[PDB]
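[1] sequence? don't have it. structure:
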């Protein structure tokens, strides 16, 4: 019964993984920006990351919500 | 009864991913601070990023603690 919420929390975890993926891409763009020594793409990934952090917060909320959705149906 | 194993290992997985996200966002803030316009950030990361890290560290350890326990329940 909670396995539905397992699949769904898995998707949510994949969304968390997407967030992490974009964070890594942000690290890449930062390695790009510091290599070229600029500060544009820095603010690019910065803003993108802030957005994604907000969305990551929400996604994790819904994730843990789905965890609670899986958890309540106990034993 | 399988949903049990699923949910357990999945919550574990999620928290460990969240640990990755803890250390990640820690280094991320540090990367925002890695612009090198301030060095007092030493105290910031050395404590706050250290806390969630050691939090992130043992969560993984105790997350694994139940990984071993689940599998061997059929002994």
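    Nice, thanks for sending it over. Numbers count the residues shown, from 1 in each chain, chains lettered A, B, ... in the order given.

[2] The most centrally placed residue in chain A: what's it in contact with?
    By Cα atoms, centre = their mean, the mean C-alpha position of chain A lies nearest to residue A:19, the distance being 2.6 Å. The contact partners of residue A:19, taken as Cβ atoms under 8 Å, 6 or more residues apart in numbering or on different chains, are A:52-53, A:55-56, A:59, B:21. Heads up, the C-betas are built off the backbone N, CA and C, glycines and all.

[3] from those, which two are the most distant?
    A:55 and B:21 (13.0 Å; Cβ to Cβ).

[4] Flag every buried residue along stretch A:31-46.
    A:33, A:41-42, A:45-46 (16 or more other Cβ atoms under 10 Å in any protein chain shown).

[5] As CSV, the residues you listed with secondary structure would be great.
    Below are the buried residues of stretch A:31-46 laid out as CSV (DSSP: H, G, I helix; E, B strand; the rest coil):
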residue, secondary structure
A:33, helix
A:41, helix
A:42, helix
A:45, helix
A:46, helix
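
[6] Out of those residues, which are close to chain B?
    Of the residues in the buried residues of stretch A:31-46, proximity to chain B by Cβ under 8 Å from any Cβ of the partner chain holds for A:42, A:46.

[7] before we move on, the earlier item: if you count what's nearby, which of residue A:55 and residue B:21 comes out ahead?
    More crowded of residue A:55 and residue B:21, by other Cβ atoms under 10 Å in any protein chain shown: residue B:21, with 22 against 14.

[8] Appreciated, that's everything.
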